[PDB]
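Student: Can you keep this structure in mind? I'll have questions shortly.
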Amino acid sequence: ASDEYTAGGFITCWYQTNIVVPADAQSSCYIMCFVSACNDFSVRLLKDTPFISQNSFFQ
Amino acid sequence: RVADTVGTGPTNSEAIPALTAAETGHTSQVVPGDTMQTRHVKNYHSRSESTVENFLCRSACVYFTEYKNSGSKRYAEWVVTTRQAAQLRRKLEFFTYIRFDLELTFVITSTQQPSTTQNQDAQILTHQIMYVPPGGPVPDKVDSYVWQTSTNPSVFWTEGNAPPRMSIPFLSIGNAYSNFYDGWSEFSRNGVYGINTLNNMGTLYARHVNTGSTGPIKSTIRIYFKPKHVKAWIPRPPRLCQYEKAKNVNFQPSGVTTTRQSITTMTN
Amino acid sequence: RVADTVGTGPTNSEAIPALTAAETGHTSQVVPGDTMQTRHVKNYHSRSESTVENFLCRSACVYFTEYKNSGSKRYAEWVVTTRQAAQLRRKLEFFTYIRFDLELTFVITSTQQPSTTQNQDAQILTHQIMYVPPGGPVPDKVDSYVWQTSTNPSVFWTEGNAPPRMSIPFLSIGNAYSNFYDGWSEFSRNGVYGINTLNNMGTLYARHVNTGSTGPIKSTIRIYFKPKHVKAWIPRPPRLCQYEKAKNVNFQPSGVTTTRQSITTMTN
Amino acid sequence: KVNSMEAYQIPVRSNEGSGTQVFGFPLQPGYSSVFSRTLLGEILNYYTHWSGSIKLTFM
Amino acid sequence: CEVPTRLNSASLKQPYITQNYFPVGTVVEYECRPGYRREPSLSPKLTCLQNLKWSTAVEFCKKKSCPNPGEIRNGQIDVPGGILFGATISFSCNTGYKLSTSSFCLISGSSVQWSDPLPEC
Amino acid sequence: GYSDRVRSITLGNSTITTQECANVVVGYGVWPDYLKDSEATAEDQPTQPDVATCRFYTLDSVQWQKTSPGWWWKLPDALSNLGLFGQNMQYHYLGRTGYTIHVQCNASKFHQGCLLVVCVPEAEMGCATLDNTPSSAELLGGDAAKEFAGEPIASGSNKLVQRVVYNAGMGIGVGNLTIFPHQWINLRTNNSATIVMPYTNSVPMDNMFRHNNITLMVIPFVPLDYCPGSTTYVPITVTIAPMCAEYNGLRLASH
Amino acid sequence: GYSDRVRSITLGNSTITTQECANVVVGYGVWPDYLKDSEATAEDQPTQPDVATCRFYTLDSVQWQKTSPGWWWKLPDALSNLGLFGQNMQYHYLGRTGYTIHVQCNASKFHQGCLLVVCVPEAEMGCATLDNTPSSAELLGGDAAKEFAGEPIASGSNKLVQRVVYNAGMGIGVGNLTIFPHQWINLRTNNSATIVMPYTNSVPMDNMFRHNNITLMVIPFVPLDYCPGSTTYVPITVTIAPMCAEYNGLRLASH
Amino acid sequence: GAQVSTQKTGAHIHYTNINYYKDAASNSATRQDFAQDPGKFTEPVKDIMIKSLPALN
Amino acid sequence: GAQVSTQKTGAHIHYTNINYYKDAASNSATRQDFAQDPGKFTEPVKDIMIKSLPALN
Ligand SMILES: CCCCCCCCCCCCCCCC(=O)O
Ligand SMILES: CCCCCCCCCCCCCCCC(=O)O
């Protein structure tokens with residue numbers, strides 16, 4: 001959860017140089033990002049997801 | 001035990017651990033010591049609470065219904081299904097096929113209803129919970145002959161005691177439970193479509209064995225399911241949308257996530 | 001076992017055991033046999049009740065709250081904190097950092113409230129106590145869906161039975177608990193200041209699972225904390241002043257001790 | 001953009017400047033809206049403590 | 001079906017408010033109450049299902065954020081509860097200066113603004 | 001010497017060659033095989049054609065446009081009317097096979113885009129109306145491809161399938177699908193993607209006409225783009241080869 | 001297998017990757033190291049931060065135009081105000097370090113050009129007026145790059161540096177500079193050039209604020225050229241990492 | 001016929017278990033099976049991929 | 001797998017203990033750890049100080 005004591009940091013990306021595109025080639029591109037846990041990853045206290053919800057028993 | 005970090009130093013080689021192609025779909029097995037200098041620290045952390053068992057091995061209410069000692073509704077019935085609630089359903093839906101034993105627990109609570117009958121001195125109520133396997137004689141009335149429970153299993157509980165609990169083995173004609181089904185009841189691709197076709201767990205009934213008092217009383221039974229000896233296969237993504245029905249996966253379309261100000265915003 | 005005394009005799013030497021300098025801060029390790037003649041007596045006394053465990057290993061009420069079966073307040077909540085009471089707080093504050101397992105015990109008692117409803121014949125009340133870890137879905141109402149307690153831990157108790165008790169491990173992201181903190185929530189030295197910043201133990205809820213009777217009833221739950229497996233570091237002086245708040249150490253100034261007649265008075 | 005696939009594309013194009021920013025977000029897998037619904041985030045939201053390294057792959 | 005479920009964030013759209021008969025398969029739409037801002041991912045619609053029960057409902061709106069408080073000269077601002085709709089900031093002064101004392105984020109027109117302006121100290 | 005960007009696959013009387021390929025994904029690390037004697041339940045002897053059934057079948061092609069949401073295919077249904085495979089699964093009551101999927105796209109060095117190619121086991125889908133269930137025609141497209149929809153399908157008294165691309169018709173997250181054996185076609189890196197899938201099910205054999213085990217989903221995550229002057233028609237082709245296929249319960253043909 | 005066109009460099013908490021690189025030039029065949037006990041002169045113990053000081057610092061970028069003469073950088077001056085390196089050399093009286101220089105340029109297969117990237121030790125420069133000497137501001141540019149001039153600087157009563165590109169401000173020959181460890185960036189062959197320089201001086205340590213040991217000179221020998229339609233803004237970036245840095249004589253900060 | 005096994009304790013003391021029923025579905029839960037093999041989901045490829053080498057060469 | 005230990009009796013007769021749960025946080029309290037070392041609080045000085053000798057000489 002959001003706690004200012006356990007702050008994480010900031011992740012940013014910047015243009016190092018400039019995109020170099022030849023004539024007759026689109027100059028607007030897209031990047032994609034994937035995230036994965038490392039070998040040292042670990043979690044430690046079962047709880048209930050905030051997202052799941054219900055107003056009354058289904059069917 | 002989780003893997004400890006390894007100490008490394010500077011490097012000017014031709015080894016390119018960071019550069020890779022995700023077109024293959026192979027997740028890169030890089031560690032922090034590959035793209036920076038690291039210290040060697042022993043890691044004593046443990047993935048003991050992340051095992052499938054510890055994850056699904058908790059009691060969760062899957063239904064509750066109310067029956068009275070007078071009037072019309074004298075007994076209660078429930079068609080066994082784990083899709084009635086949202087929390088346990090969403091925890092179970094992480095996997096395509098699951099095999100698990102079940103620890104059932106029942107909580108029964110009574111309440112006096114508003115009336116006008118004078119001189120009310122009740123006695124202790126006893127409850128009977130009868131399970132009928134599919135194909136059995138379902139009770140048609142509260143004083144039905146079927147309540148004999150010769151072959152059928154039954155549990156009798158007197159109010160004021162500890163809640164009843166029993167253990168049920170892996171019941172299935174298949175080799176594992178199916179959380180999802182992509183087929184039809186008939187071979188002609190018509191009729192019931194979905195996990196409803198596979199479902200066939202029978203019906204559960206409940207009644208007051210005695211009236212107890214001359215005044216009205218309403219009882220409510222709560223069903224709790226704790227999975228144990230869990231084995232699971234083929235994981236799948238968690239339900240982004242909210243559930244709507246118990247017999248089907250029908251949903252209302254929703255966005256992937258929640259919107260922020262711009263692509264350079266550190267706050268929600 | 002405590003150290004036995006040693007028999008000594010007269011002395012006319014140059015050894016000066018009594019004379020010392022307390023400027024160093026070294027506590028003098030002199031025994032009575034150094035400044036007088038003593039007999040040799042074996043000492044069988046034992047410091048077994050002075051150990052950290054035996055000191056803090058006792059049940060102590062840290063909070064109690066009241067909820068009803070009708071009206072507005074249908075359920076009760078409490079943000080976990082050991083600073084609510086004075087006795088256990090002052091016993092714990094002897095040390096800067098403490099690491100300990102917790103044995104929680106709950107006492108629940110009901111009471112009939114004055115009304116005018118005739119023909120009151122109640123049934124046995126059952127109570128549910130649900131613990132929500134921080135970040136969980138807190139109940140917004142008494143018939144909330146969150147009460148399913150799938151992942152969340154819960155305890156169900158029927159009145160007339162033995163009080164519920166469970167054991168909680170050392171929960172902390174650090175390596176020890178902190179009774180005192182000298183810092184701010186933000187790195188800019190602004191915002192919350194004190195032990196409140198470190199606190200993050202979640203919230204505890206409680207409700208009646210059934211109305212029970214047509215008349216009003218108020219229940220009160222009491223929380224008891226017994227520390228076990230205690231390990232402590234850096235001792236500090238006991239609280240001379242009286243406590244005022246739970247989130248901070250703010251106090252009203254008080255004298256060091258109580259005043260007598262003169263400096264040569266043998267009485268209080 | 002969350003109601004389409006455009007939520008997954010990072011738009012980098014050639015410009016007459018250098019050193020500008022592409023994106024930035026905090027390291028809060030459980031709380032940040034960016035990582036909340038990822039597999040890692042959906043698994044974290046069932047727990048209370050997390051500890052380990054994070055891998056980000058940019059294609 | 002009965003009356004649609006009440007939600008703190010949004011309010012039933014006109015004219016559904018003045019309607020008491022809802023057949024099965026009837027859709028109702030909501031709208032964000034002041035200040036509350038609409039959430040683009042969630043859609044504010046509910047359908048009466050066959051069981052005469054409305055579809056699952058979640059907060060379709062979120063509290064609006066008041067502007068940044070600023071920086072009072074020779075003064076310290078205390079923000080215990082964020083800067084969302086309904087929060088309260090506290091204005092204090094340093095040792096050696098004399099100073100309103102508090103400001104409240106309230107709906108003023110079509111957006112939310114602070115009440116008392118920054119004092120002088 | 002060798003490179004690793006060239007790969008040939010030979011099955012039956014068919015061969016597939018590739019000059020720009022990524023690796024080959026192998027299911028869940030399991031290679032398809034036959035059924036063992038200690039895990040079977042049906043008692044009559046199975047038939048194993050092994051040549052005609054185990055060959056590359058090439059379905060139709062689909063045009064990839066600047067605004068295409070994506071396509072999906074049910075493999076037991078896709079090959080139902082094609083070759084001996086269709087005749088075998090038609091007469092027989094029970095069937096068991098593993099599917100190898102090869103999806104190929106061709107472009108230049110001036111074209112850009114990205115496809116996700118994923119095999120979903122048990123892809124149960126939903127309906128536009130919350131009450132009611134989807135029709136067989138909407139869920140199953142044979143000899144053709146079904147297309148997702150960019151915008152939500154309207155709810156009325158209908159049996160149409162919810163085709164939203166962001167919910168993949170299952171209400172889940174399209175990004176999280178990677179949990180299933182998948183691959184990418186990045187037009188700057190690889191022309192084709194190959195996935196080998198074993199037989200996944202909860203029972204040893206199953207009727208191949210009423211249950212569809214796996215579903216192939218080709219979804220463009222980055223739209224196709226090019227500058228005027230270059231080719232505007234870019235098709236996508238899918239070749240499916242059944243592997244280790246065995247059948248049981250010979251009965252009158254089912255239409 | 002391997003190629004030799006890919007190279008990664010890791011220093012401190014920073015990493016540099018390259019897909020099209022030539023070899024790595026190593027100074028005069030000497031790798032930077034620390035000072036030995038048999039060659040030191042100062043007697044107090046040195047400080048060796050070794051992590052924060054030894055990391056990649058990225059200066060600003062410069063646009064390469066069809067008519068750019070070239071740029072030069074004084075390394076002790078360039079990193080003077082950047083990071084702990086600047087704070088260390090500020091408080092201390094003596095310093096000793098080796099500099100690794102990475103210069104990167106990005107383009108297409110339709111762009112042409114050629115840069116010489118050279119490290120000159122003791123690049124003493126001249127003044128437009130024969131009498132008088134150049135001003136510190138003209139010789140040293142911090143947080144920025146100094147540019148050469150295509151045509152000769154006018155002589156008057158001024159302290160301006162002679163910036164003629166053909167004389168490199170030293171009056172010598174630009175072609176003969178290759179005697180210094182250098183590299184080329186040919187836009188048809190390599191994106192970046194990397195040079196590793198040890199500590200060269202006539203004394204063991206030296207004050208890093210009044211003497212600049214080496215100077216980096218990036219000079220386009222063949223002008224940038226392209227046809228209309230392709231990208232017109234092509235920047236050049238320089239990353240410098242100090243190596244084996246030690247300091248002596250802690251004293252009050254010098255501004 | 002009892003089983004003695006180690007408990008879950010912190011890093012940096014045995015327990016006893018007897019089965020009373022005869023169905024093997026009535027035993028306690030198996031909470032101490034710490035075995036992993038993420039090579040089926042991560043790295044499901046056919047040809048091995050060494051980390052330091054280029055992926056496509 | 002039981003533990004037999006001595007009890008707390010007066011100066012001048014064994015007890016038996018079995019653990020039933022598998023968490024090591026559910027055991028009883030450790031009441032019999034009689035170990036002391038007051039040299040950290042009393043006498044924390046660097047140079048040793050003999051009792052009979054003068055402190056500052
Ligand atoms: C004396 C009372 C006995 C009650 C017995 C109830 C048995 C219920 C069995 C339920 C098994 C789990 C069903 C899972 C369904 C599924 O996921 O396909
Ligand atoms: C079924 C009910 C479960 C209730 C669980 C309650 C857990 C409370 C944990 C409290 C731990 C001790 C807190 C110490 C705080 C401190 O000193 O920093």
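Each chain in the structure tokens gets a letter, A, B, ..., in the order shown, and its residues are numbered from 1; ligands are numbered from 1 in order too.
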Starting from chain H, keep only residues with some atom at most 12 Å from an atom of chain F, counting only C-alpha atoms, and report them as a PyMOL selection string.

Tutor: chain H and resi 37-49+54-57

Student: If we count only C-alpha atoms and set the cut-off at 12 Å, which residues sit around residue 10 (chain I), ignoring sequence neighbours fewer than 6 positions away in its own chain? Please answer as a list in words.

Tutor: residues 1, 44, 45, 46 and 48 of chain C

Student: Assign secondary structure with DSSP using the backbone only, and return the residues of region 54-127 of chain F in strand (DSSP E or B) as a PyMOL selection string.

Tutor: chain F and resi 57-64+71-74+92-105+112-121+127

Student: Set the distance at 10 Å and use only C-alpha atoms: which residues neighbour residue 2 (chain H) once local chain neighbours fewer than 6 positions away are removed? I'd like the list as a list in words.

Tutor: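 Returned residues: residues 16, 17, 18 and 19 of chain H; 1 of chain I.
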
Student: Based on the selection just made, write N, CA, C and O atoms of those residues as a PDB file, in the first residue's frame.

Tutor:
ATOM      1  N   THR H  16       5.091 -32.886  16.824  1.00  0.00           N
ATOM      2  CA  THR H  16       4.677 -34.315  16.714  1.00  0.00           C
ATOM      3  C   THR H  16       3.282 -34.415  16.082  1.00  0.00           C
ATOM      4  O   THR H  16       2.412 -33.613  16.468  1.00  0.00           O
ATOM      5  N   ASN H  17       3.082 -35.353  15.145  1.00  0.00           N
ATOM      6  CA  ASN H  17       1.780 -35.463  14.428  1.00  0.00           C
ATOM      7  C   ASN H  17       1.294 -36.917  14.376  1.00  0.00           C
ATOM      8  O   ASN H  17       2.100 -37.786  13.992  1.00  0.00           O
ATOM      9  N   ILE H  18       0.027 -37.168  14.735  1.00  0.00           N
ATOM     10  CA  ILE H  18      -0.564 -38.499  14.664  1.00  0.00           C
ATOM     11  C   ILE H  18      -1.862 -38.403  13.878  1.00  0.00           C
ATOM     12  O   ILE H  18      -2.623 -37.446  14.043  1.00  0.00           O
ATOM     13  N   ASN H  19      -2.113 -39.384  13.016  1.00  0.00           N
ATOM     14  CA  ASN H  19      -3.341 -39.442  12.233  1.00  0.00           C
ATOM     15  C   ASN H  19      -4.354 -40.322  12.948  1.00  0.00           C
ATOM     16  O   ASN H  19      -4.041 -41.453  13.325  1.00  0.00           O
TER      17      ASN H  19
ATOM     18  N   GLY I   1       8.074 -37.592  20.240  1.00  0.00           N
ATOM     19  CA  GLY I   1       9.128 -36.602  20.325  1.00  0.00           C
ATOM     20  C   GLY I   1       8.877 -35.547  21.380  1.00  0.00           C
ATOM     21  O   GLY I   1       8.538 -34.411  21.062  1.00  0.00           O
TER      22      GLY I   1
END

Student: How would you report the residues lying within 6 Å of ligand 2, as a PyMOL selection string, if you count only C-alpha atoms and all ligand atoms?

Tutor: chain C and resi 81+130-131+153-155+177-179+199

Student: Please produce an output containing N, CA and C atoms for each residue in the selection, written as an mmCIF file, in the first residue's frame.

Tutor:
data_model
loop_
_atom_site.group_PDB
_atom_site.id
_atom_site.type_symbol
_atom_site.label_atom_id
_atom_site.label_comp_id
_atom_site.auth_asym_id
_atom_site.auth_seq_id
_atom_site.Cartn_x
_atom_site.Cartn_y
_atom_site.Cartn_z
ATOM 1 N N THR C 81 -2.939 -0.417 17.916
ATOM 2 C CA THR C 81 -1.873 0.414 18.545
ATOM 3 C C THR C 81 -1.794 0.028 20.029
ATOM 4 N N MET C 130 -13.143 -9.547 12.460
ATOM 5 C CA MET C 130 -12.369 -9.642 11.194
ATOM 6 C C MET C 130 -11.175 -8.686 11.249
ATOM 7 N N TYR C 131 -9.975 -9.178 10.928
ATOM 8 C CA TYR C 131 -8.778 -8.299 10.890
ATOM 9 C C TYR C 131 -8.462 -7.952 9.433
ATOM 10 N N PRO C 153 -7.981 -13.015 7.779
ATOM 11 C CA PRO C 153 -8.281 -13.876 8.931
ATOM 12 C C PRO C 153 -9.538 -13.430 9.695
ATOM 13 N N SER C 154 -10.317 -14.390 10.205
ATOM 14 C CA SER C 154 -11.530 -14.056 10.999
ATOM 15 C C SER C 154 -11.719 -15.069 12.132
ATOM 16 N N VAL C 155 -12.418 -14.679 13.203
ATOM 17 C CA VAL C 155 -12.719 -15.631 14.314
ATOM 18 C C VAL C 155 -14.210 -15.523 14.660
ATOM 19 N N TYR C 177 10.819 -3.985 16.698
ATOM 20 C CA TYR C 177 9.847 -2.926 16.901
ATOM 21 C C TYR C 177 10.536 -1.691 17.453
ATOM 22 N N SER C 178 9.947 -0.535 17.193
ATOM 23 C CA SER C 178 10.468 0.729 17.684
ATOM 24 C C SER C 178 9.445 1.345 18.620
ATOM 25 N N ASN C 179 9.817 1.501 19.886
ATOM 26 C CA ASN C 179 8.954 2.232 20.798
ATOM 27 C C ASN C 179 9.099 3.733 20.610
ATOM 28 N N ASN C 199 4.117 3.550 12.752
ATOM 29 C CA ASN C 199 2.919 2.695 12.972
ATOM 30 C C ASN C 199 2.223 2.380 11.643
#

Student: Enumerate, in order of chain and increasing residue number, the residues of chain B with an atom no farther than 8 Å from chain D, each with its shortest atom pair and distance in Å to one decimal, counting only C-alpha atoms, as CSV.

Tutor:
residue,atom,partner,partner_atom,distance
B:21,CA,D:59,CA,7.8
B:22,CA,D:59,CA,7.1
B:32,CA,D:53,CA,7.5
B:237,CA,D:39,CA,7.1
B:238,CA,D:42,CA,7.0
B:240,CA,D:37,CA,7.8
B:254,CA,D:3,CA,7.4
B:255,CA,D:3,CA,4.8
B:256,CA,D:2,CA,5.6
B:257,CA,D:2,CA,6.3
B:258,CA,D:33,CA,5.9
B:259,CA,D:2,CA,7.0
B:260,CA,D:33,CA,8.0
B:263,CA,D:23,CA,5.6
B:264,CA,D:24,CA,4.7
B:265,CA,D:25,CA,6.3
B:266,CA,D:25,CA,5.0
B:267,CA,D:26,CA,7.8
B:268,CA,D:33,CA,6.6

Student: Export, as a tab-separated table (two decimals), in the first residue's frame, the selected residues with N, CA, C and O atoms.

Tutor:
chain	number	residue	atom	x	y	z
B	21	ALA	N	16.36	-10.45	-27.20
B	21	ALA	CA	15.17	-10.29	-28.06
B	21	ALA	C	13.98	-10.92	-27.33
B	21	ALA	O	14.05	-12.12	-27.02
B	22	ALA	N	12.94	-10.12	-27.07
B	22	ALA	CA	11.72	-10.63	-26.40
B	22	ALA	C	10.76	-11.18	-27.45
B	22	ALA	O	9.66	-11.63	-27.07
B	32	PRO	N	20.72	-8.14	-10.90
B	32	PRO	CA	21.29	-6.78	-10.82
B	32	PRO	C	22.79	-6.75	-10.98
B	32	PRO	O	23.32	-5.75	-11.49
B	237	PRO	N	-4.60	-15.14	-16.54
B	237	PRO	CA	-4.68	-13.79	-15.98
B	237	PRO	C	-5.88	-13.53	-15.07
B	237	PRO	O	-6.94	-14.08	-15.32
B	238	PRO	N	-5.73	-12.71	-14.01
B	238	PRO	CA	-6.83	-12.41	-13.07
B	238	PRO	C	-7.99	-11.62	-13.69
B	238	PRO	O	-7.76	-10.85	-14.61
B	240	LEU	N	-10.09	-8.91	-14.66
B	240	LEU	CA	-10.08	-7.42	-14.64
B	240	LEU	C	-11.49	-6.88	-14.40
B	240	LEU	O	-11.63	-5.96	-13.57
B	254	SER	N	-14.54	-3.02	-19.52
B	254	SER	CA	-13.92	-2.02	-18.62
B	254	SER	C	-12.50	-1.70	-19.09
B	254	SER	O	-11.90	-2.57	-19.76
B	255	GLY	N	-11.98	-0.52	-18.75
B	255	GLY	CA	-10.63	-0.11	-19.18
B	255	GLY	C	-9.53	-0.93	-18.53
B	255	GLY	O	-9.79	-1.49	-17.44
B	256	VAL	N	-8.35	-0.99	-19.15
B	256	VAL	CA	-7.21	-1.80	-18.62
B	256	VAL	C	-6.81	-1.33	-17.22
B	256	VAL	O	-6.50	-2.21	-16.39
B	257	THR	N	-6.84	-0.02	-16.94
B	257	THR	CA	-6.34	0.48	-15.63
B	257	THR	C	-6.99	1.83	-15.32
B	257	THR	O	-8.02	2.14	-15.94
B	258	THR	N	-6.38	2.62	-14.44
B	258	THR	CA	-6.95	3.92	-14.02
B	258	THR	C	-6.07	5.06	-14.53
B	258	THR	O	-4.85	4.86	-14.64
B	259	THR	N	-6.68	6.19	-14.90
B	259	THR	CA	-6.02	7.22	-15.74
B	259	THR	C	-5.34	8.26	-14.85
B	259	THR	O	-5.92	8.61	-13.80
B	260	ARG	N	-4.18	8.75	-15.28
B	260	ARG	CA	-3.41	9.76	-14.57
B	260	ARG	C	-3.37	11.01	-15.44
B	260	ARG	O	-4.02	11.08	-16.48
B	263	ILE	N	1.96	11.33	-19.13
B	263	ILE	CA	2.87	10.20	-19.15
B	263	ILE	C	4.11	10.43	-18.30
B	263	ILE	O	4.98	9.55	-18.25
B	264	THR	N	4.20	11.61	-17.67
B	264	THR	CA	5.36	11.93	-16.81
B	264	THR	C	4.85	12.33	-15.42
B	264	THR	O	5.40	13.28	-14.84
B	265	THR	N	3.83	11.62	-14.93
B	265	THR	CA	3.22	11.98	-13.62
B	265	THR	C	3.63	10.95	-12.57
B	265	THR	O	3.41	9.75	-12.81
B	266	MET	N	4.20	11.40	-11.45
B	266	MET	CA	4.67	10.46	-10.39
B	266	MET	C	3.52	10.16	-9.42
B	266	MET	O	3.74	9.36	-8.49
B	267	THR	N	2.36	10.78	-9.63
B	267	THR	CA	1.23	10.60	-8.68
B	267	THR	C	0.00	10.02	-9.39
B	267	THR	O	-0.06	10.11	-10.63
B	268	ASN	N	-0.92	9.43	-8.63
B	268	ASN	CA	-2.18	8.86	-9.19
B	268	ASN	C	-3.19	9.99	-9.42
B	268	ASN	O	-4.29	9.68	-9.92

Student: Applying 6 Å and only C-alpha atoms, which residues near region 32-48 of chain E remain after dropping the ones on its own chain fewer than 6 positions away? List them as a list in words.

Tutor: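 In the requested format, the answer is residues 254 and 255 of chain B; 10, 11, 24, 25, 26, 54, 55, 60, 61, 62, 63 and 64 of chain E.
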
Student: Do you have the CA of residue 8 (chain I)-CA of residue 94 (chain C) distance handy?

Tutor: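 That distance, rounded to one decimal, is 26.9 Å.
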
Student: With only C-alpha atoms as the counted atoms, please give the residues lying no more than 8 Å from residue 33 (chain B), apart from itself and same-chain residues fewer than 6 positions off, as a PyMOL selection string.

Tutor: chain B and resi 5-8

Student: So which one's closest to chain E, A:25, A:31, A:46, A:52? Using only C-alpha atoms, please.

Tutor: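 So, comparing all the options, the nearest one is A:52.
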
Student: With a distance cut-off of 8 Å and only C-alpha atoms, select the neighbouring residues of region 55-61 of chain F, excluding the residue or stretch itself and same-chain residues fewer than 2 positions from it, and output the selection as a ChimeraX atom specification.

Tutor: /F:11-15,51-53,63,78-79,82,143-144,235-242

Student: Name the residues in contact with residue 15 (chain D) at a cut-off of 9 Å, using only C-alpha atoms, excluding same-chain residues fewer than 4 positions from it; report them as an NGL selection string.

Tutor: (:A and (18-19)) or (:G and (231 or 233))

Student: Write down, as a PyMOL selection string, each residue of chain A that has any atom within 7 Å of an atom of chain D, counting only C-alpha atoms.

Tutor: chain A and resi 1-2+8-19+27-38+40-49

Student: As an exercise, work out the distance from CA of residue 236 (chain C) to CA of residue 19 (chain C) in Å and give it to one decimal place.

Tutor: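 Between CA of residue 236 (chain C) and CA of residue 19 (chain C) the gap is 28.4 Å.
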